[PDB]
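First up is the structure itself, then whatever we jot down about it.
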Amino acid sequence: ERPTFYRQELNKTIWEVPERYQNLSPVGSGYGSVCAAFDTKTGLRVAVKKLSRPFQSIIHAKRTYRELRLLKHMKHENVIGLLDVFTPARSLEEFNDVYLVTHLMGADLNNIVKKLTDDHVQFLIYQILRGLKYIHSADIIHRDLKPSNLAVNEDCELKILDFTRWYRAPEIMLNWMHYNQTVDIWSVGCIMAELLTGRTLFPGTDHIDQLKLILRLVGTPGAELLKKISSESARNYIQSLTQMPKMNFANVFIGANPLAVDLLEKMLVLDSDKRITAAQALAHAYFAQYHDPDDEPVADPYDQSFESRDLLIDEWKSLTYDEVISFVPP
């Protein structure tokens with residue numbers, strides 16, 4: 001059957017939600033407004049996102065669909081999945097609103113700014129890499145992995161949400177075609193380092209500064225990597241720099257578990273053809289207490305062909321309605 005909905009005004013809008021969701025209290029805005037709610041069916045605290053202006057234009061409509069499609073695909077312990085999706089619309093003609101329901105998450109990893117033991121750093125990073133092994137196995141690159149994108153409960157069980165530039169890979173930061181899923185492995189590098197030391201690894205002021213800080217730690221590109229650069233003016237720029245050598249990570253990460261340091265040298269690599277993958281990082285000696293290769297699962301492959309399509313508003317909208325309708329909860 002259809003649920004019983006109830007209406008009520010908050011965030012200057014009249015929210016219409018199933019009666020199972022109780023006690024809606026706003027928790028932010030700017031895409032759509034979220035409310036914290038109590039789900040009476042499951043006993044869970046949940047976030048209900050009402051999308052704003054979901055079909056106002058073609059870009060709104062396509063993005064509306066891209067969000068719903070993605071969330072529907074993610075079925076993993078360490079990745080934010082979709083608990084429910086609804087509209088008060090009773091047919092496609094009157095379909096103009098969309099609500100997304102996800103697990104209400106406690107802190108993010110910024111909140112865990114204030115220092116972590118090695119065992120706990122292992123546990124947090126291992127969960128990110130497990131989540132990332134899944135995500136990447138479906139051909140999805142997160143692209144903006146950072147502490148504010150990583151939610152943890154009380155027990156520090158970690159989920160990745162949301163698929164600053166302090167954690168962005170330098171090839172993603174610089175518009176370099178030469179990239180890979182391991183752009184996310186760079187972000188994990190910067191995150192693990194900060195968990196280890198208590199400070200941001202590369203707190204640049206602009207993109208130049210950032211790059212300068214990066215190259216100071218990892219070294220200026222060496223001939224092998226220079227050969228992978230097709231722009232001459234890019235190549236000239238790079239070799240016009242004052243040449244920096246690769247610093248020893250042991251002397252940046254003082255007293256850190258030596259396996260953590262070794263691992264950080266494998267992530268914080270400028271050439272992404274050489275950067276360690278999530279799958280490989282899970283097998284690093286450093287996660288010995290948490291690694292189990294028959295419980296680090298992969299994804300069904302994710303169809304993104306829709307991204308190349310030039311469709312009308314109404315067709316992105318019907319396409320979204322189909323995804324709403326066919327949704328089966330966990």
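By order in the structure tokens, chains are A, B, ...; within a chain, residues start at 1; ligands start at 1, following the order shown.
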Point to revise | Picked from region 62-168 of chain A by DSSP as helix (DSSP H, G or I), as an NGL selection string | key: :A and (62-73 or 111-113 or 118-137 or 147-149)
Review point. Hey, what's within 12 Å of residue 93 (chain A) if we count only C-alpha atoms and toss same-chain stuff fewer than 3 positions away? As number ranges by chain, please?
Key: A: 88-90, 96-97, 314, 317-318, 321
When you look at residue 148 (chain A) with a cut-off of 8 Å (counting only C-alpha atoms), what residues show up, excluding the ones that are within fewer than 4 positions of it in the same chain? I need them as a CSV table (one decimal) with N, CA and C atoms, in the first residue's frame.
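The resulting around_30.csv:
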chain,number,residue,atom,x,y,z
A,108,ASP,N,31.8,13.5,12.1
A,108,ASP,CA,32.6,13.2,11.0
A,108,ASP,C,34.1,13.1,11.5
A,109,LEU,N,35.0,12.9,10.7
A,109,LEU,CA,36.4,12.7,11.1
A,109,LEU,C,37.1,14.0,11.5
A,110,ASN,N,36.6,15.1,11.1
A,110,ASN,CA,37.1,16.4,11.6
A,110,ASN,C,36.8,16.5,13.1
Exercise for review: May I have the residues within 6 Å of region 256-272 of chain A as a list in words, using only C-alpha atoms and disregarding those fewer than 6 positions away in the same chain?
Suggested key: residues 185, 186, 189 and 286 of chain A
Output N, CA and C atoms of each residue in that selection to a file, as a CSV table (one decimal), in the first residue's frame.
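Written file, result04.csv:
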chain,number,residue,atom,x,y,z
A,185,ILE,N,43.3,7.4,-3.2
A,185,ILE,CA,44.4,6.8,-2.4
A,185,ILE,C,45.3,7.9,-1.8
A,186,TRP,N,45.6,8.9,-2.6
A,186,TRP,CA,46.2,10.2,-2.2
A,186,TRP,C,45.5,10.9,-1.1
A,189,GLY,N,46.1,9.0,1.9
A,189,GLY,CA,47.4,9.3,2.4
A,189,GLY,C,47.3,10.6,3.3
A,286,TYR,N,50.3,-3.6,7.6
A,286,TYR,CA,49.7,-2.7,8.6
A,286,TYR,C,48.3,-2.9,9.0
Review point. Counting only C-alpha atoms, which of A:145, A:192, A:174, A:80 gets nearest to residue 120 (chain A)?
Key: A:192
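The nearest approach to residue 77 (chain A) among the residues A:28, A:222, A:147, A:297, with only C-alpha atoms taken into account, belongs to A:297.
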